[PDB]
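In what follows, a single structure is set out as structure tokens and then discussed.
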Amino acid sequence: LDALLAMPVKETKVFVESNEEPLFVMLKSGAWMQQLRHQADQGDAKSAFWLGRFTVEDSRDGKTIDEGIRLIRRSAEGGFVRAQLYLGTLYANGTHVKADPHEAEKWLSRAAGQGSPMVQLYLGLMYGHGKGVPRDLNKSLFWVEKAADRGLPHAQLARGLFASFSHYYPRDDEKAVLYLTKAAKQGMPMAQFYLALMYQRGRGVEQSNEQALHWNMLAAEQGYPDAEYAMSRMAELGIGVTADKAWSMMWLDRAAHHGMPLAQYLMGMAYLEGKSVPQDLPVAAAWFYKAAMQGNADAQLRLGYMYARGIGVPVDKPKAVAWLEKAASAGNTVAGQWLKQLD
Amino acid sequence: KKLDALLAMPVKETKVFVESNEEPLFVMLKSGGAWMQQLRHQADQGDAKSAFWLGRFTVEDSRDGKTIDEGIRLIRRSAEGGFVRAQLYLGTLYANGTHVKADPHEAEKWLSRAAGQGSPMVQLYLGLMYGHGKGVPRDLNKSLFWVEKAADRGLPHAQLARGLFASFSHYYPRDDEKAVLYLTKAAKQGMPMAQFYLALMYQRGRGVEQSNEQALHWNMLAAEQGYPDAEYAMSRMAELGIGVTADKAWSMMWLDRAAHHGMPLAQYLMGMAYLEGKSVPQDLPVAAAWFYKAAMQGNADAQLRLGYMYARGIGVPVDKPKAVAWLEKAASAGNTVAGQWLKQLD
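Heads up: the sequence lines are chains A and B, in that order.
Per the authors' numbering, the first sequence runs over residues 31 to 59, 91 to 404.
Per the authors' numbering, the second sequence runs over residues 29 to 59, 90 to 404.
Structure representation (structure tokens):
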């Protein structure tokens with residue numbers, strides 16, 4: 031069965047960035094109580110927040126939550142930054158109150174206006190989102206860039222990715238390198254990975270294979286899979302170092318064991334065609350399987366054929382078409398051609 | 029005369045019901091003044107509730123590390139006392155590595171006790187963590203135990219999750235008979251996603267005897283709630299006469315709903331509808347508009363078709379950089395003819 035090896039292999043770029051929008055990438059990461098309430102009703106804005114917050118979280122009664130939200134709002138009127146942020150998220154997510162974008166914007170803009178750079182980055186990421194607060198990409202860049210200039214590593218990465226890989230924010234490769242470097246010096250592997258990507262592709266800075274090797278190494282030493290795969294390509298094509306196919310797949314092995322579906326699929330390829338490692342069909346099918354579950358249509362295609370004819374695995378026609386039509390739905394044409402053959 | 033090559037491109041047929049290609053496990057995962095002295099007195103004399111309230115307040119308010127230490131001791135004093143809230147809070151501290159260093163076995167201890175006497179929402183939350191492996195050691199058997207525990211108590215999310223784990227997961231085993239059981243329980247509580255997958259089981263004869271009548275009834279209830287995947291299924295049933303008589307007019311109201319509801323596969327067929335001037339008057343700009351809406355959601359056939367239309371100026375201005383941008387994004391998905399046109403553009 032050599033028809034599986036005869037298909038042309040898809041050559042990838044040295045650095046493989048995420049296809050996901052950076053916005054959604056960043057947007058994912091007794092008697093004592095009577096004494097306490099008496100303090101809040103006399104002006105203690107801090108007692109009003111903590112009693113009110115722990116009231117709406119330790120109760121399912123509708124009227125108990127309402128009487129706790131009053132304490133949270135009363136503390137927000139007093140200007141407590143924690144109450145402004147807590148009441149602000151309540152209106153952005155519609156939790157326990159009507160989802161009010163104008164009311165959510167007011168408290169979150171106040172909390173960010175006097176709060177930590179984390180809260181400022183939080184408001185900025187939500188300003189270019191539309192849900193919760195009204196969409197405003199200018200106010201979004203302002204709060205994100207302000208939180209970055211204060212030293213927050215996450216906001217620096219966010220500002221760099223927005224001016225480099227976003228379908229929303231303007232493209233400025235020169236400014237992206239400035240903020241990616243600010244976060245890469247602080248130790249963020251993703252910031253070091255994306256900074257090395259810029260240094261190689263010549264976006265925003267002068268092309269330098271010496272520079273791309275430095276920042277991607279710092280990210281690869283930390284175990285960042287995308288950086289480890291970039292090391293597999295740099296070592297194979299002799300970029301920044303001399304060519305070393307053996308060392309190339311040392312990196313490919315790390316990124317595969319670290320969970321990267323692209324590396325796992327290429328590891329399955331490596332053991333399928335015994336060229337850089339001894340041919341091991343059951344191990345090749347196991348590597349295709351671990352990436353096929355993560356949605357890699359290329360691995361789903363290889364594993365489906367190995368099931369249709371029993372290479373490395375038993376002959377299982379149910380499981381064969383199970384992965385084939387799961388890969389054809391992802392746009393794999395040849396997967397549907399083989400699927401058309403199995404009745 | 030340039031449309032002939034575009035119109036001759038084959039359309040990607042789909043099943044009557046189109047389920048998500050993502051693993052169900054990952055999908056479910058995304059789904090001091092005078093009052094304090096009075097409070098601290100209750101804590102130091104057995105009141106585990108007061109020890110938790112003071113302890114949690116002290117660890118989340120204060121900035122001094124010595125106050126955070128004193129608060130966690132109060133939380134542990136309340137957790138050892140048997141308070142469910144303290145067991146849960148202390149468990150997540152060891153699962154996330156917050157303040158204390160992450161201990162998956164110590165996290166499993168306190169989180170299992172919280173679920174052992176807590177709400178089904180807590181039990182499902184722990185059951186999913188067992189399947190994820192983060193925070194607690196991965197154990198698929200313990201995962202199913204706490205997911206079934208929350209599902210058997212009437213929680214719809216766990217009922218849907220247990221049904222999905224028994225029919226569309228590669229981590230958990232396959233039991234189509236069990237899948238229909240738990241999907242039915244969540245469907246009766248009005249969950250549109252549960253009703254959709256339940257109708258899928260009836261229509262494909264998995265776990266129950268094949269029935270288009272039942273598959274029409276449950277998918278109807280789901281589609282009437284605006285569930286886009288169910289609305290697309292209704293369009294496929296109405297056009298093919300499955301449990302109903304064929305109605306190409308009714309079949310495109312479901313397709314129109316599912317497209318505006320953001321479903322990429324429906325947006326693609328909307329593009330096909332206005333490209334081939336058969337069921338509707340041909341409108342090339344509108345076809346490229348629907349293709350674009352579906353192309354930026356991963357649909358490799360909209361990307362191929364929008365790319366060709368960008369290359370030849372069909373419904374859009376001629377734009378070679380945008381054409382190659384779409385053609386290679388579809389050729390990366392595995393579209394053969396998408397790469398052929400890419401080779402014809404240098």
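Think of the CB as a built atom: it goes at the ideal place given N, C-alpha and C, for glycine as much as any other residue.
So the candidates are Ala92(B), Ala109(B), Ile372(B), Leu323(B); which of them puts its Cα closest to the Cα of residue 409(A)? Since the first residue of chain A shown is 31 and the last is 404, residue 409(A) is not available in this structure.
CB-CB length for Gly185(B) against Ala208(B), believed under 8 Å: 7 Å
At a CB distance below 7 Å, what residues from the region 370-395 of chain A approach chain E? Give them in sequence order. Absence of chain E from the displayed structure is noted, the protein chains being A and B.
Anything in chain B within Cβ reach of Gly356(A), meaning under 9 Å, just list it in chain order. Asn49, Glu50, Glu51
Completely contained alpha helix (DSSP H) runs for the region 157-203 of chain B, where each covers 4 or more residues: 162-175, 178-190
Would DSSP call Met330(B) helix, strand or coil? helix
Should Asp32(A) be counted as a contact of the ligand NAP given a C-beta to heavy atom distance under 6 Å? Looking at this structure, you won't find the ligand NAP or any other ligand, since it has none at all.
For the alpha helix (DSSP H) that contains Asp377(B), what are its first and last residues? Note, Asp377(B): premise wrong, no alpha helix (DSSP H); not H, not E.
Starting from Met37(A) and walking both ways along the alpha helix (DSSP H), at which residues does that stretch end? Taken as a continuous stretch (DSSP letters only), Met37(A) belongs to no alpha helix (DSSP H), as it is neither H nor E.
Can at least three beta-carbon pairs, one atom from the region 119-128 of chain B and one from the region 49-57 of chain B, be found at a separation below 8 Å? Verdict: no, contact absent.
Cβ of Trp93(B) less than 7 Å from any chain A Cβ? yes
Establish whether the CB of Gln175(B) and some CB of chain A are separated by less than 7 Å. Cβ-Cβ to chain A under 7 Å: no for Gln175(B).
Hey, how far is the Cα of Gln272(A) from the Cα of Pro286(A)? A straight line joining the alpha-carbon of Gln272(A) with that of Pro286(A) spans about 19 Å.
Anything in chain A within Cβ reach of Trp399(B), meaning under 7 Å, just list it in chain order. Correct list: empty, because the minimum Cβ distance to chain A is about 13 Å.
Taking its Cβ as the centre, do 16 or more other Cβ atoms sit within 10 Å of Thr125(A), making it buried, or is it exposed? exposed
In angstroms with no decimal places, state the Cα-to-Cα distance between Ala252(B) and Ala244(B). 6 Å
Quick one: is residue 407(B) buried, meaning 16 or more other Cβ sit within 10 Å of its Cβ, or exposed? For residue 407(B) there is no data in the structure shown, the boundaries of chain B being 29 and 404.
Mind checking if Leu313(B) is an interface residue toward chain A, Cβ cutoff 7 Å exclusive? no
So is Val376(B) buried or exposed if we call it buried at 16+ other beta carbons inside 10 Å? exposed
Does the CB of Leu97(B) have a neighbour CB from chain A at under 7 Å? yes
What's the C-alpha gap between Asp105(B) and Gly176(B)? Near 19 Å, if we compare the C-alpha coordinates of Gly176(B) and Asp105(B).
When you compare only the Cα positions, how much space is there between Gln268(A) and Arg232(A)? Rounded to whole angstroms, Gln268(A) to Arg232(A) spans 19 Å at the Cα level.
Which first and last residues belong to the alpha helix (DSSP H) in which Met94(A) is found? 92-101
In whole angstroms, what separates the C-alpha of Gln217(B) from that of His275(B)? 20 Å
Mind reading off the beta-carbon distance from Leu182(B) to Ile372(B)? Whole number of angstroms is fine, and I expect it under 8 Å. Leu182(B) to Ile372(B), Cβ: 50 Å. No contact.
Mind reading off the beta-carbon distance from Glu289(B) to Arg262(B)? Whole number of angstroms is fine, and I expect it under 8 Å. About 19 Å; that fails the 8 Å criterion.
Whole runs of the beta strand (DSSP E) within the region 247-298 of chain B, excluding any shorter than 3 residues: none
Where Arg121(A) sits in the DSSP three-state scheme: coil
Buried versus exposed, by CB contacts within 10 Å (16 or more), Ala369(B): buried
Counting C-beta neighbours from all protein chains within 10 Å, is the total for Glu386(A) 16 or more, i.e. buried, or is it exposed? buried
Compare the C-beta of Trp111(A) against all C-beta atoms of chain B and say whether one is closer than 7 Å. yes
In chain B, what lies closer than 8 Å to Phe115(A) by C-beta? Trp111, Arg114, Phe115
Where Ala137(A) and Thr156(A) are concerned, what is the direct C-alpha to C-alpha distance, given to the nearest angstrom? 17 Å
Using a beta-carbon distance cut-off of less than 9 Å, what residues from the region 205-234 of chain B approach chain A? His228, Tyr229
Could you tell me the alpha carbon to alpha carbon distance between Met187(B) and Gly193(B), rounded to whole angstroms? 7 Å
Following the continuous alpha helix (DSSP H) through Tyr152(A), name the residue where it begins and the one where it ends. 142-153
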